[PDB]
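Working notes, structure below.
4 protein chains.
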Amino acid sequence: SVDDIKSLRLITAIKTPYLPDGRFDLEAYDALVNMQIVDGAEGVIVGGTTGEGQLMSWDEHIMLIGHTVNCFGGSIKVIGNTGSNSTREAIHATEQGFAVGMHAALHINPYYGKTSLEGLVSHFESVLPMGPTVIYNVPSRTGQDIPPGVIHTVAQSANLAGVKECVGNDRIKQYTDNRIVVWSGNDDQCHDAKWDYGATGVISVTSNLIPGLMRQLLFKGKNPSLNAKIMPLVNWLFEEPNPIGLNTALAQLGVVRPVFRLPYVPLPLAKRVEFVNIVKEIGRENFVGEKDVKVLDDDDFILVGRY
Amino acid sequence: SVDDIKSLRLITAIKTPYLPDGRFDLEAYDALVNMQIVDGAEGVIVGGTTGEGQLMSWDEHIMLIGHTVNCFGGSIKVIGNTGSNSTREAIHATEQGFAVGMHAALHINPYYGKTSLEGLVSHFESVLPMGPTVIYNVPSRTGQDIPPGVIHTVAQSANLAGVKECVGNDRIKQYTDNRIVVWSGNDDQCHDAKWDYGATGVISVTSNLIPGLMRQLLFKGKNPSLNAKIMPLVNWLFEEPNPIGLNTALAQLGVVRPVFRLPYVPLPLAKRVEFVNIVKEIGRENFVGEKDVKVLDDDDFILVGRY
Amino acid sequence: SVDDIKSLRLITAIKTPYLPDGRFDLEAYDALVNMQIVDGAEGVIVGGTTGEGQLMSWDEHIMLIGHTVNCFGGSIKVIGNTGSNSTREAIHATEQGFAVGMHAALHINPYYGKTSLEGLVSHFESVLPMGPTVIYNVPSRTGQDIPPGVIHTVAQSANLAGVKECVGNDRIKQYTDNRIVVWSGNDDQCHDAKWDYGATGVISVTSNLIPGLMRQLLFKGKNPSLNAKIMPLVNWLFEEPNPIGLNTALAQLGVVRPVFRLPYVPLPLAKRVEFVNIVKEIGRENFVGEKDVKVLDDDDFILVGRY
Amino acid sequence: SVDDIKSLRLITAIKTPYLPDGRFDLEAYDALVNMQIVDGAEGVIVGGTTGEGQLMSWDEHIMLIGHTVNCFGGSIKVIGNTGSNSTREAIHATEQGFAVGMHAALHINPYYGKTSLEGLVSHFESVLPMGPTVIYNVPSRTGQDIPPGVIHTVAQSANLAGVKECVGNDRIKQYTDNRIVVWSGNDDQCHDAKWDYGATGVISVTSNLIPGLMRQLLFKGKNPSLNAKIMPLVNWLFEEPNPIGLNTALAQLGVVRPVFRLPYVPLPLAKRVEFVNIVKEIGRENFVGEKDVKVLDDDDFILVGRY
Ligand SMILES: [Br-]
Ligand SMILES: [Br-]
Ligand SMILES: [Br-]
Ligand SMILES: [Br-]
Ligand SMILES: [Br-]
Ligand SMILES: [Br-]
Ligand SMILES: [Br-]
Ligand SMILES: [Br-]
Ligand SMILES: [Cl-]
Ligand SMILES: [Cl-]
Ligand SMILES: [Cl-]
Ligand SMILES: [Cl-]
Ligand SMILES: [Cl-]
């Protein structure tokens, strides 16, 4: 149901952990989703940008979606990132994603191979009939800012749940004033988006590391001292493009193996020493996992190009 | 060999024509490549941005690369667009592309799922050893500008042929002053890139339509009036994201079927009328094909989502 | 659990129904699985020989498996047919199959590209660790009778549930006397198999049509007259290779569309007239669906090659 | 043309060699094909049963086809095994194969998921329009003997080059007496097929090892003692299902790496010792490669399940 999605506040763009040979680490993955559920995350994006969907083959991706529904579908909402810059792929991945039982679809606009505003309408209308859909706007990554007019055109579909919006709180307000549910895509803006700009919540990267704190941040009420306290973490996580920092942090925490699928590559030593201090400053207990945080040696990391 | 690639002036990023069901129209494609050859185009990019590589499955792409080499490899240089935002795909497509006898690879930086500068080097160094390589910078599309420092780092490989640069002529000059071969990726800039900024040539969209005229611009010396003559065609070609304009124009010229793979959608009626006038002004004899240019009506066009 | 699969008695090799363009018709499929549940079937093979697994791409197949698990997993055992003549495919299909929550895998011996008995052991040991496994012997189709020595060798794995045996009741006896669970894969034999030869049950084609009668046959005691009654149906079902008859019969009953993926093709008119009389003799009320059975015209059937 | 294929007398079903990680070893492959050309083989089957087409993903397969055409097409006829038990795959693989320039297609009848005789005609008629076709009958592997009637039905197409026939010389004679070109697919029968039953040639496994000797058997009249001389090699090659013996023999000769894709596993030590004697008796100079034949130890062999 659409309204079940519209009412979600904390959705995690869950990271996809790997085995040393590059394959998904499903044991680690399950542990990750369990810690999300425990600390009150209400949804997960499967193979989003943070989940490195762009580096998956489709059978892996659909497997991971079906897996998450199968294991956790009764505790958390499952949102498959089945979007693509290719309409054919979007169509195919969306209908199969829904068939294995995902609750909603995340659809970005075609990136790289940008299309016209007419083309966008055609693209979204190809997948909107399939079920609850969250449209995903991230111009910094795609090359194209989806204008409000396009969002209003396709909002005629009952199946539009809302927008994962990344251009900023000004855009969110443009939408939330006009009866369109929005989740902030930026962790450094999402407190204000929720409390001041009418966002329903966040689709979050940082909730991978501190789900409990991100829950407190969105559920209880305004709280700038909590927002300020997590900000040094948030900044560290985005000095290089996401999910490079997240990947690096989760491995320092022991919850995932220090394995990267290329083109991503871990943060250097100096940055890794820094994270240890950010953890110490915020308190290890707020971070996922139980293991003492490590700095890790350069030689600990495994980069995979062929898998 | 790298020097054979370094000397090419006119490279056409060839359009990929479709059958009504959405499969490749090899009959129309073959005729397109021959018309490139007749008018002195020196190389082709297979499945580039213009060629809609982004919408192809890999079997189809490798097929088209091998087809092009088999039928035309003796008369024209074949450069497979085997780049990707995924290193695994880039590695895999590039070695398979070379195995079927392509002459060079075009490699963009990872788009959408952007990586760090360190990751860029890792990405590029995974494929440079395989053969002659052209690195492709188009930050409008990718969201990441490849810094000259990165280009200079990877230029330690003897397999770097040069750069398809899209940021502008001033960037081109930064490279050409420093021993780096550059092809302009901007038709509205390529005349001046060649004569004022040290560029070796162009990797062209517009040459799909007027290959003879583009050749003249790079081969004969500064010609401000020929350059001014093509400008209205170029401006038309890029009013919407390439290859929408090109796809539309080739259908109007009757050299391809009016079949579009989504998310692309033809230019509207008014622009199509405009194109008939543009052809008139420049002269029909300068455009590919023999058939009278048509406006085409809306319902002539076939939009393919499932293929 | 392995013991759970071992205690299954009535398992249906469910047919895979299609839409006019050759894609899976999930609406029809869901209704077929429900009718199996209502008349007591305890498990289903998904994409078996009868389910035309041979004609699926793996994305489609894992989708179907995950769909069946998601919709029916709590009411019925889902056995994914993840075997292949390629160990790589078998490995990959099986692990993905279990990850989306299938209860067991069906594993044939490599067919067409036959391997040595040693190769057979290597192949089965590649997949047995992954979960509960039914080994499928059908030398009339594979070209290779799996010898009991091989079965006894691989039976060292705690994950071997049993054998889907197609050679005959005397083979079955060899196994059941020696503590190996067996399901007959021959409908014309399965009654004797279960009552006289120790078979735990059947993996059935005919239950697709008359699940209630197949249940009665296997559950309520030795019944020579009931067995004799179904035999005209069973014989008709296998005049041409299965599932040609079943596909035809289900269309005639109106429970699936008259759509065939090639290389399969429907039974001719005279045979379809014959099916109407078999239905009248057994009684329409014993067959899946509510609609009057039809002969159907030759022109009703759609044959799909490209999908 | 079709006639160009019909006059071919010695065709090799070339082995596909692998690198330690399971990928194609194009360097070894190129040496194998070169050796075939040197000793007068006039065509190759690419990815046949002997070439382990059944273990290949389609992209590496079309790659290998396109590679063989690009590198050797001027010197040898390239026949892609694009046949399948799935008509969709057969259609798809065949046209893509011809697109990259293969000279003919090898087409088997659907194995394992066997179809009706009407089904077979449908299946073959989907691919016969694409290019010169060789129909492949080997019921010991398919479970279905293609009857003469089906061949005569499909022979109405001018694109039927002929039949690769494995059932025996008597079958060959029913065809050759009725204007249909045949290649024997049995090395132990091919001498007599040619000289006594009107076969045009062989499509050979054994020519992978001793191409010159096979040439002599087929181009130089009856020679029962040359024929008897090769027979112990042929018997050794087929004691376990082909290509297990050939893969083993080629490793021993050092012209390929001792690498197997599962389910295939090498012949045991005793047979390897036996091969060394077979080589001594026939004479090393007749076999491919210059290196001294080795026994090889169990330890040397690499079995790949995941690639
Ligand atoms: Br590790
Ligand atoms: Br462009
Ligand atoms: Br058309
Ligand atoms: Br009962
Ligand atoms: Br229908
Ligand atoms: Br009735
Ligand atoms: Br080796
Ligand atoms: Br020797
Ligand atoms: Cl953004
Ligand atoms: Cl600049
Ligand atoms: Cl059997
Ligand atoms: Cl027996
Ligand atoms: Cl045979």
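Residue numbers (PDB author numbering), protein chains in the order written: chain H, 21 to 327; chain E, 21 to 327; chain G, 21 to 327; chain A, 21 to 327.
The beta-carbon is built from N, C-alpha and C at its ideal position, and this holds for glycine as well.
So is the beta-carbon of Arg-191 of chain E under 7 Å away from any non-hydrogen atom of ligand 10? Indeed, a heavy atom of ligand 10 lies less than 7 Å from the Cβ.
How is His-123 of chain E classed by DSSP in three states: helix, strand or coil? In the structure shown, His-123 of chain E falls within a coil segment according to DSSP collapsed to helix, strand and coil.
Tell me whether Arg-235 of chain G, by its Cβ, gets closer than 7 Å to a heavy atom of ligand 4. Under cutoff, so the answer is yes.
Beta-carbon proximity of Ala-119 of chain E to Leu-46 of chain A, cut-off 8 Å: It is a contact, given that the beta carbons lie within the stated cut-off.
Beta-carbon proximity of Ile-111 of chain E to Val-58 of chain E, cut-off 8 Å: No.
Considering just the uninterrupted stretch of the beta strand (DSSP E) at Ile-322 of chain E, what are its terminal residues? Its beta strand (DSSP E) spans residues 322 to 324.
Determine the DSSP secondary structure at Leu-39 of chain A, reduced to helix, strand or coil. Judged by DSSP in its simplified three-state form, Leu-39 of chain A adopts coil rather than helix or strand.
C-alpha gap between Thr-196 of chain A and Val-202 of chain A, whole angstroms: Using only the alpha carbons, I get a separation of about 7 Å.
Just to make sure I have the definition right: I need the residues of chain G whose C-beta is within less than 7 Å of the C-beta of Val-120 of chain H. Which are they? Among the residues of chain G, those whose CB is under 7 Å from the CB of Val-120 of chain H are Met-83, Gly-86, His-87, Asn-90 and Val-120, following chain order.
CB of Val-187 of chain E to nearest heavy atom of ligand 10: below 7 Å? Yes, ligand 10 has a heavy atom inside 7 Å of this Cβ.
For the pair the segment 121 to 133 of chain A and the segment 123 to 134 of chain G, tell me if three or more CB-CB distances fall below 8 Å. Under the 8 Å Cβ criterion, the segment 121 to 133 of chain A counts as touching the segment 123 to 134 of chain G, having at least three qualifying pairs.
Around the Cβ of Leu-289 of chain G, are there at least 16 other Cβ atoms within 10 angstroms (buried) or fewer (exposed)? That one is exposed.
Under 8 Å between the Cβ atoms of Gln-272 of chain A and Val-308 of chain A? Remark: C-beta atoms of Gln-272 of chain A and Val-308 of chain A do not approach each other more closely than 8 Å.
Where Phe-92 of chain A and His-143 of chain G are concerned, what is the direct C-alpha to C-alpha distance, given to the nearest angstrom? The straight-line gap from Cα to Cα measures roughly 35 Å.
Which residue comes first and which comes last in the alpha helix (DSSP H) that contains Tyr-156 of chain A? No alpha helix (DSSP H) contains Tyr-156 of chain A, which is instead part of the beta strand (DSSP E) from 153 to 157.
Compile a chain-ordered list of the residues in the segment 104 to 133 of chain H whose CB is closer than 8 Å to at least one CB of chain G. Within the segment 104 to 133 of chain H, the residues whose Cβ lies closer than 8 Å to some Cβ of chain G are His-112, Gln-116, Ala-119, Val-120 and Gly-121, listed in chain order.
Count the other C-beta atoms from every protein chain shown that fall within 10 angstroms of the C-beta of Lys-35 of chain G, then say buried if there are 16 or more, exposed otherwise. A residue is called buried when at least 16 other Cβ atoms come within 10 angstroms of its Cβ; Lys-35 of chain G meets this threshold and is buried.
Report yes if the C-beta distance between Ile-31 of chain H and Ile-200 of chain H is below 8 Å; otherwise report no. With contacts defined as CB atoms closer than 8 Å, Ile-31 of chain H and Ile-200 of chain H fail to qualify as a contacting pair.
I want to see whether chain H comes within less than 8 Å of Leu-148 of chain E, judged by CB atoms only; does it? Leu-148 of chain E is outside the set of residues whose beta carbon lies under 8 Å from a beta carbon in chain H.
Whole-angstrom C-beta distance between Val-66 of chain A and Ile-85 of chain A, which should lie under 8 Å: Indeed, because the Cβ distance is near 5 Å, the residues count as touching under 8 Å.
Where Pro-278 of chain A meets chain G, residues with beta-carbon distance less than 7 Å: Simply none; closest approach about 15 Å.
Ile-200 of chain G (DSSP reduced to helix, strand or coil): In this structure, DSSP gives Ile-200 of chain G a state outside helix and strand, which the three-state scheme calls coil.
Can you list, in chain order, the residues of its chain with a C-beta nearer than 8 Å to that of residue 9 of chain E? Leave out the 5 residues immediately preceding and following it. Residue 9 of chain E falls outside the range modelled here, since chain E spans only 21 to 327, and no answer is possible.
Please identify, using Cβ separations under 7 Å, the residues of the segment 22 to 51 of chain A that lie next to chain E, in order along the chain. If the cut-off is 7 Å between Cβ atoms, the segment 22 to 51 of chain A has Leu-46 near chain E.
Hey, would you say the C-beta of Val-279 of chain H is under 7 Å away from at least one heavy atom of ligand 1? Yes, the beta carbon of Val-279 of chain H sits closer than 7 Å to at least one heavy atom of ligand 1.
Three-state secondary structure (DSSP) of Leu-180 of chain H: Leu-180 of chain H carries a strand assignment under DSSP once its states are collapsed to helix, strand and coil.
Answer yes or no: do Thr-70 of chain E and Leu-266 of chain E have a C-beta to C-beta separation smaller than 8 Å? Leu-266 of chain E is positioned such that its CB atom lies closer than 8 Å to that of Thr-70 of chain E.
Is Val-222 of chain E near ligand 2, judged by its Cβ being under 7 Å from some heavy atom? No, the Cβ of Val-222 of chain E stays beyond 7 Å of every heavy atom of ligand 2.
Close Cβ partners of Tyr-156 of chain A (< 7 Å) along its chain, the five nearest in sequence each way excluded: Cβ neighbours of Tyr-156 of chain A within its own chain (closer than 7 Å, five residues either side excluded): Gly-103, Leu-126, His-127, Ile-128 and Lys-184.
Which of helix, strand or coil does DSSP assign to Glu-185 of chain H? Here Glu-185 of chain H sits in strand by DSSP.
Whole angstroms is fine: what's the gap from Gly-94 of chain H's alpha carbon to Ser-27 of chain G's? Their Cα atoms are separated by approximately 28 Å.
To the nearest angstrom, how far is it from the Cα of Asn-105 of chain H to the Cα of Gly-218 of chain A? Spanning the two alpha carbons is a distance of roughly 57 Å.
According to DSSP, simplified to helix, strand and coil, what is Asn-54 of chain A? Secondary structure at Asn-54 of chain A: helix, using DSSP grouped into helix, strand and coil.
Quick check: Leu-75 of chain G and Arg-281 of chain G, are their CB atoms within less than 8 Å of each other? Yes. Within cutoff.
In the DSSP output, which residue or residues are listed as bridge partners for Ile-65 of chain H? H:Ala-33 and H:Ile-99.
The alpha helix (DSSP H) that contains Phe-239 of chain G, what's its start and end? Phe-239 of chain G -> alpha helix (DSSP H) spans 231 to 239.
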